[PDB]
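Presented below is the structure to which this report refers.
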Amino acid sequence: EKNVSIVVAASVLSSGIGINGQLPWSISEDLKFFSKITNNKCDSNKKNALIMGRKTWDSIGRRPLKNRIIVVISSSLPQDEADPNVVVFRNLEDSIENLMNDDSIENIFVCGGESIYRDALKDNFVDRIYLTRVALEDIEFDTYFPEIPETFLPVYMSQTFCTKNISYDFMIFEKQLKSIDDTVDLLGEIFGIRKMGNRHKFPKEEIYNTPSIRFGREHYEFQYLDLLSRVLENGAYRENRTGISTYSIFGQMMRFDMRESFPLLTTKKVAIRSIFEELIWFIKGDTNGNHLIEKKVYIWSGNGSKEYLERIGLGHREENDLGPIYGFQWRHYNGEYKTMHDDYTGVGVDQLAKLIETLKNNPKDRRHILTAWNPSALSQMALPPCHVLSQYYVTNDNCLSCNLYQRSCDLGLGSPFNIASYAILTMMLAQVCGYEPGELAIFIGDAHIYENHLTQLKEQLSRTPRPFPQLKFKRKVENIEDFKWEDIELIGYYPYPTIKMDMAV
Amino acid sequence: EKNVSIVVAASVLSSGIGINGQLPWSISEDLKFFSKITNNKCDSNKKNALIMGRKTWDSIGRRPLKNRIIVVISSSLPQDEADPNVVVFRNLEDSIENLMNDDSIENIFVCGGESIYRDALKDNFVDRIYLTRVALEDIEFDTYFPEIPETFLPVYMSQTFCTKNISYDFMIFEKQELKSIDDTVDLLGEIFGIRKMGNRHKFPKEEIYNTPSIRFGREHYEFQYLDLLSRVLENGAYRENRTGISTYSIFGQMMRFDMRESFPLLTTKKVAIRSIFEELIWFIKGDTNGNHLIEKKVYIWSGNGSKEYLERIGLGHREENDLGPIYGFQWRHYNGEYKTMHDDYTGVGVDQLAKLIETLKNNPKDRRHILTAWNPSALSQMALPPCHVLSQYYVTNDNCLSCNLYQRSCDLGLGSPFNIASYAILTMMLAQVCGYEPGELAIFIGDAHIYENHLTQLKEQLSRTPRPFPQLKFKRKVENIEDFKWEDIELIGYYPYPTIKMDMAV
Ligand SMILES: NC(=O)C1=CN([C@@H]2O[C@H](COP(=O)(O)OP(=O)(O)OC[C@H]3O[C@@H](n4cnc5c(N)ncnc54)[C@H](OP(=O)(O)O)[C@@H]3O)[C@@H](O)[C@H]2O)C=CC1
Ligand SMILES: NC(=O)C1=CN([C@@H]2O[C@H](COP(=O)(O)OP(=O)(O)OC[C@H]3O[C@@H](n4cnc5c(N)ncnc54)[C@H](OP(=O)(O)O)[C@@H]3O)[C@@H](O)[C@H]2O)C=CC1
Ligand SMILES: CN(Cc1cnc2nc(N)nc(N)c2n1)c1ccc(C(=O)N[C@@H](CCC(=O)O)C(=O)O)cc1
Ligand SMILES: CN(Cc1cnc2nc(N)nc(N)c2n1)c1ccc(C(=O)N[C@@H](CCC(=O)O)C(=O)O)cc1
Ligand SMILES: NC(=O)c1ccc(C(=O)O)c(NC(=O)c2ccc(Cc3c[nH]c4nc(N)[nH]c(=O)c34)cc2)c1
Ligand SMILES: NC(=O)c1ccc(C(=O)O)c(NC(=O)c2ccc(Cc3c[nH]c4nc(N)[nH]c(=O)c34)cc2)c1
Ligand SMILES: O=c1[nH]c(=O)n([C@H]2C[C@H](O)[C@@H](COP(=O)(O)O)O2)cc1F
Ligand SMILES: O=c1[nH]c(=O)n([C@H]2C[C@H](O)[C@@H](COP(=O)(O)O)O2)cc1F
Numbered sequence: 003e004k005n006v007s008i009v010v011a012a013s014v015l016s017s018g019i020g021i022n023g024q025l026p027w028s029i030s031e032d033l034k035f036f037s038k039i040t041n042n043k044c045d046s047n048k049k050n051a052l053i054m055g056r057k058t059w060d061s062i063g064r065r066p067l068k069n070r071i072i073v074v075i076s077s078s079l080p081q082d083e084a085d086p087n088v089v090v091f092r093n094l095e096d097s098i099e100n101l102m103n104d105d106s107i108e109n110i111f112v113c114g115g116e117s118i119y120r121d122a123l124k125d126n127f128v129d130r131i132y133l134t135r136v137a138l139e140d141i142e143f144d145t146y147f148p149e150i151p152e153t154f155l156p157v158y159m160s161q162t163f164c165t166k167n168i169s170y171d172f173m174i175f176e177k178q193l194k195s196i197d198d199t200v201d202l203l204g205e206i207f208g209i210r211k212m213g214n215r216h217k218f219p220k221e222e223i224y225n226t227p228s229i230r231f232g233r234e235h236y237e238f239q240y241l242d243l244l245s246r247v248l249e250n251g252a253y254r255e256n257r258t259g260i261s262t263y264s265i266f267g268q269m270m271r272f273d274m275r276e277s278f279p280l281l282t283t284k285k286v287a288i289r290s291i292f293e294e295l296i297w298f299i300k301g302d303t304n305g306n307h308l309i310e311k312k313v314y315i316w317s318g319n320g321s322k323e324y325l326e327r328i329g330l331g332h333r334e335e336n337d338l339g340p341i342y343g344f345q346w347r348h349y350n351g352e353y354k355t356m357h358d359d360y361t362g363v364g365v366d367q368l369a370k371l372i373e374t375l376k377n378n379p380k381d382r383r384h385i386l387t388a389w390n391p392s393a394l395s396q397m398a399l400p401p402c403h404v405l406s407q408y409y410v411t412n413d414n415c416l417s418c419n420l421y422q423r424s425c426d427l428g429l430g431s432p433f434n435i436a437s438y439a440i441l442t443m444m445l446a447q448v449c450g451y452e453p454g455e456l457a458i459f460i461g462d463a464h465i466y467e468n469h470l471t472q473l474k475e476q477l478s479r480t481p482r483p484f485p486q487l488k489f490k491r492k493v494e495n496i497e498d499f500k501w502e503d504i505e506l507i508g509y510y511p512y513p514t515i516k517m518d519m520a521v
Numbered sequence: 003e004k005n006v007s008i009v010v011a012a013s014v015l016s017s018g019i020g021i022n023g024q025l026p027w028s029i030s031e032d033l034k035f036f037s038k039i040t041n042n043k044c045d046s047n048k049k050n051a052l053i054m055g056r057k058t059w060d061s062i063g064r065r066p067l068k069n070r071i072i073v074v075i076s077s078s079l080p081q082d083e084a085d086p087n088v089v090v091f092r093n094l095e096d097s098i099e100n101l102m103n104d105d106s107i108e109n110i111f112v113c114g115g116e117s118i119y120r121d122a123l124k125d126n127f128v129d130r131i132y133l134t135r136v137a138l139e140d141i142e143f144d145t146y147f148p149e150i151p152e153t154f155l156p157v158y159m160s161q162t163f164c165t166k167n168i169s170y171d172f173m174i175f176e177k178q179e193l194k195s196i197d198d199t200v201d202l203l204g205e206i207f208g209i210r211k212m213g214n215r216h217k218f219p220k221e222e223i224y225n226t227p228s229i230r231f232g233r234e235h236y237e238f239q240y241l242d243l244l245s246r247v248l249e250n251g252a253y254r255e256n257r258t259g260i261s262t263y264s265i266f267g268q269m270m271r272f273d274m275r276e277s278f279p280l281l282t283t284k285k286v287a288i289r290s291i292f293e294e295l296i297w298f299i300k301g302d303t304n305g306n307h308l309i310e311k312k313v314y315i316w317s318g319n320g321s322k323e324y325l326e327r328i329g330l331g332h333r334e335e336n337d338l339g340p341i342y343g344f345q346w347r348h349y350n351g352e353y354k355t356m357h358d359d360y361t362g363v364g365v366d367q368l369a370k371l372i373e374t375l376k377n378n379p380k381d382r383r384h385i386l387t388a389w390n391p392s393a394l395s396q397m398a399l400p401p402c403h404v405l406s407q408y409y410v411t412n413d414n415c416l417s418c419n420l421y422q423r424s425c426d427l428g429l430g431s432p433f434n435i436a437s438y439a440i441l442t443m444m445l446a447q448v449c450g451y452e453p454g455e456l457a458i459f460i461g462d463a464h465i466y467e468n469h470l471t472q473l474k475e476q477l478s479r480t481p482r483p484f485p486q487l488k489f490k491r492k493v494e495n496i497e498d499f500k501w502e503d504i505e506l507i508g509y510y511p512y513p514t515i516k517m518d519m520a521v
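Sequence order for the protein chains is A and B. When the letters of the first sequence are read in order and numbered with PDB author numbering, they come out as residues 3 to 178, 193 to 521. When the letters of the second sequence are read in order and numbered with PDB author numbering, they come out as residues 3 to 179, 193 to 521.
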């Protein structure tokens, strides 16, 4: 009685694993993972057994795998005894004799074959599942990994990795002291909200995304879903300037890798083009909302209407003249603002240009900072800056990381946009300055969920995350303002359906 | 064979537990903790046994404790059989008969007596220790808890709690003698190098981890600082900076501290709290004259305000200690045209602090309570660009004031404890002026680094197990935030480890 694990690499949506007798992809790291997971053993005087079908045995050239024993399921292959590293059985059931006798076999791996997978899961021989989720779906398959039965639950989901612009994930499925916890519970019974742990309660299972993954929430999309869960658990019900009240907490953070993937949420289709258009609108220094409306981007329409402007005391302002906001403090900080039609070339401090110059002239400098919080101009703005401050860091291996402090975070609408936007901005700065993308950390003050999003976000929490996509630039620009939407290629983005959520004005 | 736990409340330094036959303090929550930990059982048809000495039995009025069975060790008390809730034994060894027979006893607690504690530890009967550390040392004791033997290791240390301005901690000591996920993660980290982000944030090795036996119970929020030190020592890249002293640096970290039940002043090192207050009130008043700090015997800004340093950074025209428009000039006169430190700036610039107070007490649920010091127009005029760059403030529904701080650059040896204590004091001042209670303090850090001439010192600091945080109280309620004086601050129950000298990088 020992352990049996399926090892498979399947596509993310349709679970395709093969085409015309070979693999539909070439990922070296996935083969290295197969090797290390099938060689992983405890007793040096024992070997592991790798069960595979006959066509799979043909796929690997009919040659043995070093240090392991291959078990081929075939009804026609001659039961040869010459090779002690390869043995043939007439059916999968008889081949499980590695359990009964043969104490020199430590662990068993079901290594390939749609038929082998299917009748190993149907016969309930499988204890564990090592699944490599590959983000390739618009290709041809003829062999599929069967659907994982409900008796299995996921216990691990790795970060997204990238090979040849292909995103992939690693997941584990499993078939399914107290004294410290008791003392903490007693202290939390004695002290009420006086104990800070009671103010940061762990989210209940009903609001926790994929709860069976307890210790292996490595995929960095969990940094967003778990913040959603924390707000749902501990969020105080509070009113704000809009008619829609929120559930709010104060002081949170999220980390995202940008070396091996692009942090665009997969549990919901995100409008990446509107994000890019808003970001390039910021970079060019523009505050004219009509330039966004003309490009079919309407995210600033609510905060730039005649009624809203007259209500907040800017009735003199033109229709979509948002005032000195993001991109006017970026390029013309402390500049005397008049209208959106005037020429501001030369006035104010160009934070972006000085930032680029310092990033490529003094990388280890600790002052790479871009701010939008200008107390002298807050009254002239249609909306004070939400993503308030950002800092940039050049690693010793020439990667560019970004920190963002955001004073107020609409988790339903604003947060995915902010994640993708500052990811794109860090990538642009890295290309312009000759670096690679690093990490993205977002520090949040008032993180809140609007009450008219509760149905939506909870729905989003029911969807198990998929591996992040990749984002590449088609050309190397000479100035950061020259980026165009056609220059951006989004590779391997297979999200869940769109979740409509109304904005609070 | 069942579990045996000592339960004791002792002072933080000398381990005093009694005086003149009674307790040297009155902490209700600690008695409630004793009750809940001695009543905690699994079988409803069983009871717990509480072993105590005879003088201890006199201290509690010689009356039984509800739902439990008291075991009194005495050589003269009559072995009465009338009370089934109290039983007497002639020695501690015979009283351990609860193990051999009496299956109605689930757990055993050694509940008091210096002699009982001492010969229960000497006889090696004790499995666990529940210790309440009380921060009271300048009083008289006649009864002490014996030294914890080396066979015990701490596994839990709670946050600091406050009762009647007295700080205390809860700790657990234990006597000592799935893997699939870990193996898969290790294999992925072998395949991918620094390509796997986990390998860029490696868990600190035991040799640089403060009190390593506390694995799952690092609740004391001083661990938020020591663990950041450890993370920098583990993953910090060796980097040069504008000073001659290189650092080990990482990017993107955070620390949380409670301010409702304690004051986050580090205990693993004696911190100059007076200099912190003086610098903070110097900021609040709008002052940029370093001589005003030097006159009060505070020399933290001398290095960045010398004639040589000013001439070196291009401010040779500037007077000796004229630091320029820095912290407290952007607070009170933001975007104001700076001349010298002697001129009158009353009215010029934006008074961020005043508007912050007005908005905090007029619109508490507003999401724009922000104080910034990063002014790109004035960076060149500053003797040093702002480190604690931006701060935001939040009013909870229960009328508490919490603070978030983004800090672009963090000297963990010198600057970080000062920043923690300083923004704690500032949040408390704002809370008193606006009529709230102190809440939480979160610090978000960009370049968190350790200067290489601090490595020995901080390592020394990492060898010291943290003590409970002290309390900080104000003696009077001021009418304006600028009226705070050093005499107005009372620091109660601060018993730190000795000072660790560390030189500043200019
Ligand atoms: N992405 C991944 O992880 C993997 C992908 N693949 C891909 O999948 C494809 C091959 O898999 P697949 O098409 O399913 O072929 P198989 O690997 O399952 O091999 C099938 C053969 O196994 C024997 N066999 C299967 N079931 C039985 C049974 N119940 N009794 C007796 N013999 C049996 C038969 O051999 P016989 O005809 O001699 O009787 C059968 O022809 C290839 O493209 C391969 O590259 C393969 C492995 C892993
Ligand atoms: N902070 C805390 O957690 C606690 C503090 N305390 C404090 O400590 C003080 C009292 O404790 P303490 O002074 O140590 O007195 P004790 O509680 O240890 O009681 C001592 C008595 O126990 C009996 N005894 C002890 N050892 C033996 C033995 N080997 N054989 C027979 N009898 C024995 C003797 O009783 P006899 O003379 O009858 O033979 C002895 O006089 C009080 O101030 C109390 O408030 C008490 C409990 C807990
Ligand atoms: C059966 N098969 C197809 C194949 C391809 N990718 C997979 N990926 C996964 N996650 N799981 C599988 N079962 C799997 N199977 C295989 C099996 C082994 C090798 C192989 O060459 N293995 C070498 C790998 C050498 C190296 O890259 O280090 C080894 O030593 O195990 C190739 C294809
Ligand atoms: C022996 N003793 C002194 C005393 C005081 N503080 C301590 N604190 C600790 N952590 N551990 C001790 N052994 C301890 N002992 C005691 C024991 C019980 C009670 C007592 O009144 N217990 C009630 C608690 C009453 C309450 O609700 O406050 C109970 O139900 O157990 C008081 C003093
Ligand atoms: N289903 C989806 O998740 C989804 C699909 C499509 C879009 C799309 O715009 O294409 C979308 N995003 C928005 O509507 C949207 C709107 C505005 C801002 C930024 C902002 C400016 N002022 C704001 N004031 C408040 N209260 N809150 C905000 O967020 C913003 C960011 C995003 C969401
Ligand atoms: N560690 C101890 O035990 C200890 C004991 C006593 C004192 C004391 O001054 O009494 C002390 N603090 C300082 O020396 C000190 C000095 C300066 C600043 C702020 C600052 C301004 N410019 C800085 N440039 C750099 N690189 N780094 C800084 O921190 C600062 C804060 C603190 C530490
Ligand atoms: O980039 C943005 N990110 C964001 O989260 N908001 C949300 C935050 C808040 O829910 C709302 C307005 O913030 P406040 O009402 O505090 O002024 O806009 C707006 C943006 F433009
Ligand atoms: O309040 C302060 N906090 C702080 O951490 N420093 C340290 C951070 C850094 O080690 C040094 C100079 O920062 P920088 O070289 O990035 O300008 O001052 C200075 C302060 F005044």
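The beta-carbon is built from N, C-alpha and C at its ideal position, and this holds for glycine as well.
| query | result |
| --- | --- |
| Would you say residue 255 of chain A faces chain B, with C-beta separation under 8 Å as the test? | yes |
| Just tell me which of A:164, A:520, A:84 and A:373 has its CA closest to the CA of residue 320 of chain A. | A:520 |
| Measuring only the C-alpha atoms, how far is residue 159 of chain B from residue 228 of chain B? | 11 Å |
| Cβ of residue 62 of chain A versus every heavy atom of ligand 3: is any distance shorter than 7 Å? | yes |
| Is there at least one Cβ from chain A nearer than 8 Å to residue 451 of chain B's Cβ? | no |
| Identify which residue in A:291, A:197 and A:282 has its Cα closest to the Cα of residue 511 of chain A. | A:282 |
| Do residue 113 of chain A and residue 6 of chain A have their C-beta atoms closer together than 8 Å? | no |
| Between B:448, B:333 and B:421, which lies nearest to residue 373 of chain B when the distance is taken from Cα to Cα? | B:448 |
| Find the nearest neighbour of residue 410 of chain A within the set A:377, A:501 and A:424, judged by alpha-carbon distance. | A:377 |
| Cα separation between residue 62 of chain B and residue 474 of chain A? | 53 Å |
| May I ask you to list, following chain order, the residues of the segment 404 to 431 of chain B that have a beta carbon less than 8 Å from some beta carbon of chain A? | 404, 405, 407, 409, 411, 412, 413, 417, 419, 421, 423 and 424 |
| Using the DSSP secondary-structure output, state which residues sit across from residue 159 of chain B in a beta bridge. | B:173 and B:233 |
| At a Cβ threshold of 8 Å, is residue 217 of chain B touching chain A? | no |
| What span of residues does the alpha helix (DSSP H) with residue 423 of chain A cover, start to end? | Here residue 423 of chain A belongs to no alpha helix (DSSP H); instead the beta strand (DSSP E) covers 415 to 426. |
| Can you name the residues of chain B whose CB is closer than 7 Å to the CB of residue 27 of chain A? | Correct list: empty, because the minimum Cβ distance to chain B is about 17 Å. |
| Would you list the residues sitting across from residue 337 of chain A in a DSSP beta bridge? | A:304 |
| Kindly list the residues whose CB is nearer than 6 Å to the CB of residue 379 of chain A, restricted to its own chain and excluding five residues on each side of it in sequence; keep chain order. | 410 |
| Any beta carbon from chain B within less than 8 Å of residue 461 of chain A's own beta carbon? | yes |
| Are residue 131 of chain B and residue 163 of chain B close, meaning C-beta to C-beta below 8 Å? | no |
| Taking Cβ-Cβ distances shorter than 7 Å, what residues in chain B pair up with residue 382 of chain A? | 256, 423, 424 and 462 |
| Whole alpha helix (DSSP H) runs in the segment 65 to 145 of chain B with 4 or more residues, listed along the chain? | 99 to 102 and 116 to 124 |
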